[PDB]
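Single chain ahead, by itself, as structure tokens, in the form deposited in one PDB entry.
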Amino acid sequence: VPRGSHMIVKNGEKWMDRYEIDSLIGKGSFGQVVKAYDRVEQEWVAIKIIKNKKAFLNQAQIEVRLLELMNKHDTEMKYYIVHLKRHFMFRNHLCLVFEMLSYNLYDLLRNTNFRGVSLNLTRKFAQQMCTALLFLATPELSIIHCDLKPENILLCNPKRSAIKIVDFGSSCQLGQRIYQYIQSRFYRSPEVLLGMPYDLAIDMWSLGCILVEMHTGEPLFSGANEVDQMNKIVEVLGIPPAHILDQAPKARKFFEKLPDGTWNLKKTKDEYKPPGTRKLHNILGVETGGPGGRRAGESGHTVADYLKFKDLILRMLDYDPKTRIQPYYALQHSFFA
């Protein structure tokens, strides 16, 4: 019986006279993902090997349940989610076999030297991701991904724009609270930072942050910690509405109520641009040739195009989860006309 939690996986070995292990795709907290040739079906597969650890096995069984639940819907919208082919136990690990995909949107950014992809490619990713979130919002699913980031969105094919969402290991359904901390820090919604109730709208917040990053090459809100995260959000979007902060268990982690009932930023221990002064209009370079002016004198990057993109992003980055744009309405936006 092995001591480590990780499965020993030797490149070139063959599992169950079926799966020819080629290479490691990536390692994580959960375990690893290996590229393997399925000799029975004659196709490449990504095998997700879960660590022999109770927390990770629990997460993986939830991910299996949610993926199988999505599998039974007929809609074309379901193909924006990675397809789980099968799962089995092997050398005492849960193994999930997925369709082989290409590299992730962070790798795509690194291949641009973090200068960003075109607004035309950003629009394509945006439409597919809004369609995927519409699928998760199906009432019988009502799945909150809770970890949307460039690394969990993968190209199907390296030469094409088709994408899929992977990793439902931190996911839950509408009304559940399972994990102390949720969302990757850069992509973490205000409601989660403020310890407030969360629904499917937190995934739309993450998408808004991701889409700006895909076009600029840099994270919109790159917090070192939760206080820095909230402060960088405030630089762009201003002090959150009073009706939110007044109900927020963790309002006083970031803000203080003054005697008039108005909220300001909490004092530092002892740096940020004033609230609302880091305008998204200028981050995107709407009037100034796009990010760093590098898009002036390309097509598909007009002021008209940028204004529609910014308007949609700011609807996705609404502080109020009740009024934040929902996938159904985002798809009708003139940005997609």
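Start at 1 with the first residue shown and count on from there. The term rigid core refers to the maximal set of C-alpha atoms that superpose within 1.5 Å between the two forms.
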Checking the other PDB entries that cover both flanking residues: does residue 68 lack coordinates in at least a third? no
Taking the other compared entries of this protein, do a third or more of them lack coordinates for residue 270? yes
What is the count, as a class, of unmodelled deposited residues between residue 270 and residue 271: none, 1 to 3, 4 to 9, or 10 or more? 1 to 3
Read off the CA B-factors in the entry, average them over 190-198 and over 241-249, and name the higher stretch. 241-249
Could you check the entry and say whether 166-174 or 257-265 has the higher mean CA B-factor? 257-265
Highest recorded Cα temperature factor - choice among 302, 288, 42, 277: 42
Considering only 53, 48, 281, 308, which residue's Cα atom bears the greatest B-factor as recorded? 53
Could you place residue 80 in the lowest, middle or highest third of its chain by Cα temperature factor, using the values in the record? middle
Residue 228's Cα B-factor: lowest, middle or highest third of the chain? middle
Sorting the chain's CA B-factors, does residue 326 end up in the lowest, middle or highest third? middle
Among modelled residues of the same chain, the CA temperature factor third for residue 294: middle
In terms of the CA temperature factor given in the entry, to which third of its chain does residue 65 belong: lowest, middle or highest? lowest
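The next section is about a form of this same protein that is not shown, the form deposited in another entry.
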Only one of 179, 103, 90, 114 shifts by 2 Å or more at CA between this form and the one not shown when the core is aligned; which is it? 179
Closer or farther: the C-alpha atoms of residue 178 and residue 242 in the other entry, versus the form shown, with a change of 3 angstroms or more? closer
Can you tell whether residue 247 sits closer to or farther from residue 178 in the other entry than it does here, judged by CA atoms, where the change is 3 Å or more? closer
